[PDB]
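Asker: Input: one structure, supplied below.
There are 2 protein chains.
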Amino acid sequence: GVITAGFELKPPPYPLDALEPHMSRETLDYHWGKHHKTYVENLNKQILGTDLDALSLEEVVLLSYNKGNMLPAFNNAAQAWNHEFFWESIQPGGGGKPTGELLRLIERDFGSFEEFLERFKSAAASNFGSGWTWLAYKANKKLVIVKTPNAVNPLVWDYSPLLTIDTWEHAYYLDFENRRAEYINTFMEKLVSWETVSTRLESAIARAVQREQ
Amino acid sequence: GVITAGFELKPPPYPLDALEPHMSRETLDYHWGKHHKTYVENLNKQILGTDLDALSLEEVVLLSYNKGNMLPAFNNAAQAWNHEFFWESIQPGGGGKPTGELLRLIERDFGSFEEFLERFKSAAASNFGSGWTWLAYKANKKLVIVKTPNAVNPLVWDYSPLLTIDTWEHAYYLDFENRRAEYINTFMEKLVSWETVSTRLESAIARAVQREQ
Ligand SMILES: [Zn+2]
Ligand SMILES: [Zn+2]
């Protein structure tokens with residue numbers, strides 16, 4: 001019947017030069033304007049002739065993971081989802097420390113925020129090749161750091177992601193060249209949006225509680 | 001006893017601007033001068049305190065693969081070997097078609113050079129994330161196209177690599193941005209050193225011939 005426009009390219013929740021000098025306008029132009037755009041476009045092309053665009057992007061990822069023997073649309077669907085989650089994981093004037101429930105959970109499960117911080121930055125740095133590092137909440157220790165290769169994300173294992181850093185080379189060449197550790201550091205000191213991470217934790221907690229009831 | 005310098009960063013067998021305009025001086029400066037350099041430096045740091053530098057790069061790669069559960073030196077040792085193999089896979093004024101025994105083996109195992117060409121370029125483009133695509137000889157069809165992720169190469173499986181293309185994003189951002197397919201096209205059309213590939217196939221056959229004794 002009436003066609004859809006498929007999945008959309010959501011812009012980052014801030015102007016493309018808002019993350020300077022930590023993430024440049026050229027990076028967002030290239031990372032969002034080309035790579036993220038291309039994942040969405042390529043996904044829309046792959047699902048032409050099907051009703052998959054009726055589903056949420058989440059649902060497409062879950063459906064094409066196929067317990068690890070991934071189906072053709074997975075990489076583009078996962079990358080589309082991962083990149084939207086990425087832009088919303090950061091903000092102008094990010095960095096600093098979390099507060100409230102999120103801080104308490106981090107310190108219950110990692111001892112302290114500083115310990116969590118070093119373990120997250122170190123996982124981000126040691127994930128070889130292309131991929132992502134996540135903080136994630138699991139209901140069924158509630159907080160875990162996750163390393164995934166390429167397009168994979170923890171939704172595929174029923175974890176609720178809370179934070180991610182893109183460590184595909186395209187994510188930091190223009191600002192840090194090959195110095196990923198610097199990239200990872202600036203990310204935690206200047207860009208991470210702890211308010212967004214807390215919002216996502218409150219939602220993961222609600223979903224878990226509500227599953228019981 | 002007396003110490004070694006560890007593994008050396010061998011320069012590409014041509015001036016750093018000799019691949020222009022297909023692969024820029026900037027690309028070589030970044031890809032050889034930083035990424036390849038960093039692999040060798042990080043490998044040498046990892047094997048301080050051991051006698052692995054008495055071994056060939058090949059031997060370290062095989063030793064650290066551990067039937068898939070790779071040991072700590074693998075990524076740097078495999079990348080170091082891969083990048084050396086890469087720079088010598090190409091040449092100023094490369095491209096064109098292979099001749100002699102190599103062309104005839106390709107046409108036997110792929111039906112034609114154009115078919116081999118299409119399957120190779122298609123494999124290189126469909127290898128998601130970071131990795132490599134290879135033409136390889138197996139003694140046990158004698159030629160095979162192989163996709164590997166991240167640092168893996170076909171030595172690990174007792175194949176003799178004959179040709180490779182680096183499809184890590186750092187291999188082609190500076191010349192093709194995200195346009196990997198165009199990079200692959202220019203590679204097979206302008207850079208591949210079929211003469212070198214033929215030389216490698218000679219040795220591979222000799223190694224298999226001598227293996228009969
Ligand atoms: Zn990305
Ligand atoms: Zn490389």
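Those protein sequence lines, which keep their order, are chains A and B. Here the first sequence stands for residues 1 to 140, 157 to 229, where the numbers follow the authors' numbering. Here the second sequence stands for residues 1 to 140, 157 to 229, where the numbers follow the authors' numbering. Beta carbons are placed, not taken as given, at the ideal position from N, Cα and C, and that holds for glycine.
1. Can you tell me where the beta strand (DSSP E) with B/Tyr199 in it begins and where it stops?
2. For ligand 1, list every residue whose C-beta falls under 5 Å from any of its heavy atoms, going in chain order.
3. Measuring alpha carbon to alpha carbon, tell me which residue in B/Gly33, B/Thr4, B/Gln79 and B/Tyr137 is nearest residue 233 of chain B.
4. Taking 8 Å as the cut-off, does the CB of B/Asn82 come closer than this to any heavy atom belonging to ligand 2?
5. List the residues of chain A whose Cβ lies closer than 8 Å to the Cβ of B/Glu193, in chain order.
6. At a CB distance below 7 Å, what residues from the region 60-83 of chain B approach chain A? Give them in sequence order.
7. If you draw a straight line from the alpha carbon of B/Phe120 to that of B/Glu107, how long is it in whole angstroms?
8. What residue from B/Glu218, B/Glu41 and B/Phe110 has the CA that sits closest to B/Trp81's CA?
9. Would you kindly report the start and end of the unbroken beta strand (DSSP E) that includes B/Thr133?
10. Could you check whether the Cβ of B/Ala125 sits closer than 9 Å to any Cβ belonging to chain A?
11. Which residues of the region 84-99 of chain B have a Cβ closer than 8 Å to any Cβ of chain A? Give them in chain order.
12. Beta-carbon within less than 6 Å of B/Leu16's beta-carbon, same chain only, minus the 5 sequence neighbours each way: which residues are those?
13. Leaving out the 5 sequence neighbours to the left and right, which residues in its chain are closer than 6 Å to B/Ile181 when beta-carbon positions are compared?
14. Does any residue of chain A bring its CB to less than 9 Å from the CB of B/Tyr189?
15. Using only the heavy atoms of ligand 2, determine whether one of them is closer than 8 Å to the beta carbon of B/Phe86.
16. Have a look at B/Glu58, B/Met23, B/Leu43 and B/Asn127 and flag the residue whose alpha-carbon is nearest the alpha-carbon of B/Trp87.
17. List the residues of chain A whose Cβ lies closer than 8 Å to the Cβ of B/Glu185, in chain order.
18. Around the C-beta of A/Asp174, are 16 or more other C-beta atoms found within 10 angstroms, so that it is buried, or is it exposed?
19. Using 9 Å as the limit for Cβ to Cβ distance, is A/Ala167 near chain B?
20. According to DSSP, is A/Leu16 helix, strand or coil?
21. Along chain B, which residues have their Cβ under 8 Å away from the Cβ of A/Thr38?
22. Would you say the beta carbon of A/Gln91 is closer than 8 Å to some non-hydrogen atom of ligand 2?
23. In the DSSP assignment, what are the bridge partners of B/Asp182?
24. Starting from the Cα of B/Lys37, find the closest Cα among B/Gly100, B/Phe128, B/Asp109 and B/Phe7 and give me that residue.
25. Who are the near neighbours of B/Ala167 in its chain, counting only those whose CB is closer than 7 Å to its CB and skipping five residues on each side?
26. Consult DSSP for A/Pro98 and reduce its assignment to one of helix, strand or coil.
27. For A/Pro98 versus A/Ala136, is the C-beta distance shorter than 9 Å?
28. Look at the alpha carbon of B/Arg223 and the alpha carbon of A/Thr50, and state the distance between them as a whole number of angstroms.
29. So A/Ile90 and A/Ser209 are in contact, right, with Cβ under 8 Å, and what is the actual spacing, rounded?
30. My output table needs one value for B/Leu207: the three-state DSSP class, helix, strand or coil.
31. Please name the residue in A/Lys45, A/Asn44 and A/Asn66 whose C-alpha comes closest to that of A/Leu171.
32. I'd like to check one pair, A/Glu185 with A/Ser130: are the Cβ atoms closer than 9 Å?
33. Are there 16 or more other CB atoms within 10 angstroms of the CB of B/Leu207, so buried, or fewer, so exposed?
34. Work out the CA separation of A/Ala54 and B/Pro72 for me, nearest whole Å.
35. Please tell me whether, using a cut-off of 8 Å, the distance from the CB of B/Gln229 to the nearest non-hydrogen atom of ligand 2 is below it.
Answerer: Once the coordinates are examined:
1. In the DSSP assignment, B/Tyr199 falls outside any beta strand (DSSP E) and within the unbroken alpha helix (DSSP H) covering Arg196 to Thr202.
2. My final list is A/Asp182, A/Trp184 and A/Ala187.
3. Because chain B is modelled from 1 through 229, residue 233 of chain B falls outside the range shown and cannot be assessed.
4. Yes, since a heavy atom of ligand 2 falls inside the 8 Å radius drawn around the Cβ of B/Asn82.
5. Correct list: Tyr30 and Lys34.
6. Per Cβ criterion, the list reads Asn75.
7. Spanning the two alpha carbons is a distance of roughly 13 Å.
8. Nearest neighbour of B/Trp81 by Cα position, chosen from B/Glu218, B/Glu41 and B/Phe110, turns out to be B/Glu41.
9. Boundaries of the beta strand (DSSP E) harbouring B/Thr133: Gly131 to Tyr137, taken from the DSSP string.
10. Answer no: the Cβ-Cβ gap between B/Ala125 and chain A never drops below 9 Å.
11. Here the close residues number zero.
12. The residues are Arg25 and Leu28.
13. Excluding sequence neighbours, B/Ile181 sits near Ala124, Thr133 and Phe203.
14. Interface residue, yes.
15. A distance criterion of 8 Å places the beta-carbon of B/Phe86 in contact range of ligand 2, judged by its closest non-hydrogen atom.
16. When each option's Cα is compared against that of B/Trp87, the closest is B/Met23.
17. Here the neighbours are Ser130, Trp184, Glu185, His186 and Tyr189.
18. The Cβ neighbour count for A/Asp174, taken over all protein chains shown within 10 Å, is under 16; the residue is labelled exposed.
19. Closer than 9 Å to some Cβ of chain B, the Cβ of A/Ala167 qualifies, so yes.
20. In the structure shown, A/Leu16 sits in coil (DSSP, three-state: anything other than H, G, I, E or B).
21. Ordered by position in chain B, the residues that pass the 8 Å Cβ test against A/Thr38 are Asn194.
22. Answer for A/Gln91: no, Cβ out of range of ligand 2.
23. BP columns for B/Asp182 point to B/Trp132.
24. The candidate whose alpha carbon is nearest that of B/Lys37 is B/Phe7.
25. Excluding five sequence positions before and after B/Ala167, the CB atoms of its chain that fall closer than 7 Å to its own CB belong to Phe74, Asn75, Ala78, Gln79 and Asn82, given in chain order.
26. Assigned with DSSP and collapsed to three states, A/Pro98 falls in coil, not helix or strand.
27. Result no, Cβ atoms of A/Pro98 and A/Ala136 do not sit closer than 9 Å.
28. B/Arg223 and A/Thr50 have their C-alpha atoms some 52 Å from each other.
29. Contact flag correct, Cβ pair sits at about 6 Å.
30. Helix.
31. Nearest C-alpha to A/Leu171: A/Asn66.
32. The answer is yes: Cβ separation under 9 Å.
33. B/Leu207 comes out buried.
34. Spanning the two alpha carbons is a distance of roughly 45 Å.
35. Taking 8 Å as the cut-off, the C-beta of B/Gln229 does not count as close to any heavy atom of ligand 2.
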